[PDB]
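**Student:** Sharing structure-v6.csv (CSV, N, CA, C and O atoms) below.
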```csv
chain,number,residue,atom,x,y,z
A,1,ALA,N,-84.2,-35.6,24.7
A,1,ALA,CA,-85.1,-36.7,24.7
A,1,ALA,C,-86.2,-36.5,23.7
A,1,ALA,O,-86.2,-35.5,23.0
A,2,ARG,N,-87.1,-37.5,23.6
A,2,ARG,CA,-88.2,-37.4,22.7
A,2,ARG,C,-89.6,-37.5,23.4
A,2,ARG,O,-89.7,-38.2,24.4
A,3,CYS,N,-90.5,-36.7,22.9
A,3,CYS,CA,-91.9,-36.6,23.4
A,3,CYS,C,-92.5,-38.1,23.6
A,3,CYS,O,-92.4,-38.9,22.7
A,4,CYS,N,-93.0,-38.3,24.7
A,4,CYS,CA,-93.6,-39.6,25.0
A,4,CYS,C,-95.2,-39.6,24.9
A,4,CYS,O,-95.8,-40.5,24.4
A,5,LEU,N,-95.7,-38.5,25.5
A,5,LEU,CA,-97.2,-38.3,25.5
A,5,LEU,C,-97.5,-36.8,25.4
A,5,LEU,O,-97.3,-36.0,26.3
A,6,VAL,N,-98.0,-36.4,24.2
A,6,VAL,CA,-98.4,-35.0,24.0
A,6,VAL,C,-99.9,-34.8,24.2
A,6,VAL,O,-100.7,-35.7,24.0
A,7,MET,N,-100.2,-33.6,24.7
A,7,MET,CA,-101.6,-33.3,24.9
A,7,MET,C,-102.2,-32.4,23.8
A,7,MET,O,-101.6,-31.4,23.5
A,8,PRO,N,-103.4,-32.7,23.3
A,8,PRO,CA,-104.0,-31.9,22.3
A,8,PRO,C,-104.6,-30.6,22.8
A,8,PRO,O,-105.0,-29.8,22.0
A,9,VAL,N,-104.5,-30.4,24.1
A,9,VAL,CA,-105.0,-29.2,24.7
A,9,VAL,C,-103.8,-28.3,25.1
A,9,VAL,O,-102.7,-28.8,25.4
A,10,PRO,N,-104.1,-27.0,25.1
A,10,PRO,CA,-103.0,-26.0,25.5
A,10,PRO,C,-102.7,-26.1,27.0
A,10,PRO,O,-103.6,-26.0,27.9
A,11,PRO,N,-101.4,-26.1,27.3
A,11,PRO,CA,-100.3,-26.1,26.3
A,11,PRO,C,-100.3,-27.4,25.5
A,11,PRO,O,-100.3,-28.5,26.1
A,12,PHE,N,-100.2,-27.3,24.2
A,12,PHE,CA,-100.2,-28.5,23.3
A,12,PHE,C,-98.9,-29.2,23.4
A,12,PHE,O,-98.7,-30.3,22.9
A,13,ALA,N,-98.0,-28.6,24.2
A,13,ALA,CA,-96.6,-29.2,24.4
A,13,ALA,C,-96.8,-30.7,25.0
A,13,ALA,O,-97.9,-31.2,25.1
A,14,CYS,N,-95.6,-31.3,25.2
A,14,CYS,CA,-95.6,-32.7,25.7
A,14,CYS,C,-95.7,-32.7,27.2
A,14,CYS,O,-95.3,-31.8,27.9
A,15,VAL,N,-96.3,-33.7,27.8
A,15,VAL,CA,-96.5,-33.9,29.2
A,15,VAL,C,-95.5,-34.8,29.8
A,15,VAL,O,-95.0,-34.6,30.9
A,16,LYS,N,-95.1,-35.9,29.1
A,16,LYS,CA,-94.1,-36.8,29.5
A,16,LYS,C,-93.1,-37.1,28.5
A,16,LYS,O,-93.4,-37.4,27.3
A,17,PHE,N,-91.8,-36.8,28.8
A,17,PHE,CA,-90.7,-37.0,27.9
A,17,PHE,C,-90.1,-38.4,28.1
A,17,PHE,O,-89.8,-38.8,29.2
A,18,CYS,N,-89.9,-39.1,27.0
A,18,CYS,CA,-89.3,-40.4,27.0
A,18,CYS,C,-87.8,-40.3,26.9
A,18,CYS,O,-87.2,-39.7,26.0
A,19,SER,N,-87.1,-41.1,27.8
A,19,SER,CA,-85.7,-41.1,27.8
A,19,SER,C,-85.1,-42.0,26.8
A,19,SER,O,-85.1,-43.2,27.0
```
Just give me the structure of the file as structure tokens.
**Tutor:**
Amino acid sequence: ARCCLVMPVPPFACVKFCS
């Protein structure tokens, strides 16, 4: 899938993945 909403704070990873 593709990142839907990434967080600028650590973890900088994505919070919600878009299907």
**Student:** List as JSON, numbers by chain the protein and nucleic acid residues near residue 5 in chain A, meaning an atom at most 4.5 Å away when all atoms listed in the file are counted, but skip any in the same chain fewer than 5 places from it.
**Tutor:** {"A": [14, 15, 16]}
**Student:** Rounded to one decimal, what separation in Å do you get between CA of residue 18 in chain A and atom C of residue 6 in chain A?
**Tutor:**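 Taking CA of residue 18 in chain A and atom C of residue 6 in chain A, their separation equals 12.3 Å.
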**Student:** Once DSSP has gone over the backbone, tell me which residues of chain A are in strand (DSSP E or B), as a PDB file with N, CA, C and O atoms, in the frame of the given file.
**Tutor:**
```pdb
ATOM      1  N   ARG A   2     -87.100 -37.500  23.600  1.00  0.00           N
ATOM      2  CA  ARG A   2     -88.200 -37.400  22.700  1.00  0.00           C
ATOM      3  C   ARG A   2     -89.600 -37.500  23.400  1.00  0.00           C
ATOM      4  O   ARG A   2     -89.700 -38.200  24.400  1.00  0.00           O
ATOM      5  N   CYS A   3     -90.500 -36.700  22.900  1.00  0.00           N
ATOM      6  CA  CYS A   3     -91.900 -36.600  23.400  1.00  0.00           C
ATOM      7  C   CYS A   3     -92.500 -38.100  23.600  1.00  0.00           C
ATOM      8  O   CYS A   3     -92.400 -38.900  22.700  1.00  0.00           O
ATOM      9  N   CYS A   4     -93.000 -38.300  24.700  1.00  0.00           N
ATOM     10  CA  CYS A   4     -93.600 -39.600  25.000  1.00  0.00           C
ATOM     11  C   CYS A   4     -95.200 -39.600  24.900  1.00  0.00           C
ATOM     12  O   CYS A   4     -95.800 -40.500  24.400  1.00  0.00           O
ATOM     13  N   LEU A   5     -95.700 -38.500  25.500  1.00  0.00           N
ATOM     14  CA  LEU A   5     -97.200 -38.300  25.500  1.00  0.00           C
ATOM     15  C   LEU A   5     -97.500 -36.800  25.400  1.00  0.00           C
ATOM     16  O   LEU A   5     -97.300 -36.000  26.300  1.00  0.00           O
ATOM     17  N   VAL A   6     -98.000 -36.400  24.200  1.00  0.00           N
ATOM     18  CA  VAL A   6     -98.400 -35.000  24.000  1.00  0.00           C
ATOM     19  C   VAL A   6     -99.900 -34.800  24.200  1.00  0.00           C
ATOM     20  O   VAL A   6    -100.700 -35.700  24.000  1.00  0.00           O
ATOM     21  N   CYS A  14     -95.600 -31.300  25.200  1.00  0.00           N
ATOM     22  CA  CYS A  14     -95.600 -32.700  25.700  1.00  0.00           C
ATOM     23  C   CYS A  14     -95.700 -32.700  27.200  1.00  0.00           C
ATOM     24  O   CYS A  14     -95.300 -31.800  27.900  1.00  0.00           O
ATOM     25  N   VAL A  15     -96.300 -33.700  27.800  1.00  0.00           N
ATOM     26  CA  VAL A  15     -96.500 -33.900  29.200  1.00  0.00           C
ATOM     27  C   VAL A  15     -95.500 -34.800  29.800  1.00  0.00           C
ATOM     28  O   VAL A  15     -95.000 -34.600  30.900  1.00  0.00           O
ATOM     29  N   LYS A  16     -95.100 -35.900  29.100  1.00  0.00           N
ATOM     30  CA  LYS A  16     -94.100 -36.800  29.500  1.00  0.00           C
ATOM     31  C   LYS A  16     -93.100 -37.100  28.500  1.00  0.00           C
ATOM     32  O   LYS A  16     -93.400 -37.400  27.300  1.00  0.00           O
ATOM     33  N   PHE A  17     -91.800 -36.800  28.800  1.00  0.00           N
ATOM     34  CA  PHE A  17     -90.700 -37.000  27.900  1.00  0.00           C
ATOM     35  C   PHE A  17     -90.100 -38.400  28.100  1.00  0.00           C
ATOM     36  O   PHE A  17     -89.800 -38.800  29.200  1.00  0.00           O
ATOM     37  N   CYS A  18     -89.900 -39.100  27.000  1.00  0.00           N
ATOM     38  CA  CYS A  18     -89.300 -40.400  27.000  1.00  0.00           C
ATOM     39  C   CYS A  18     -87.800 -40.300  26.900  1.00  0.00           C
ATOM     40  O   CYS A  18     -87.200 -39.700  26.000  1.00  0.00           O
TER      41      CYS A  18
END
```
**Student:** Tell me, as a list in words, which residues lie within 12 Å of residue 13 in chain A, counting only C-alpha atoms; anything in the same chain fewer than 5 positions away does not count.
**Tutor:**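 With the cut-off at 12 Å, the set is residues 2, 3, 4, 5, 6, 7 and 8 of chain A.
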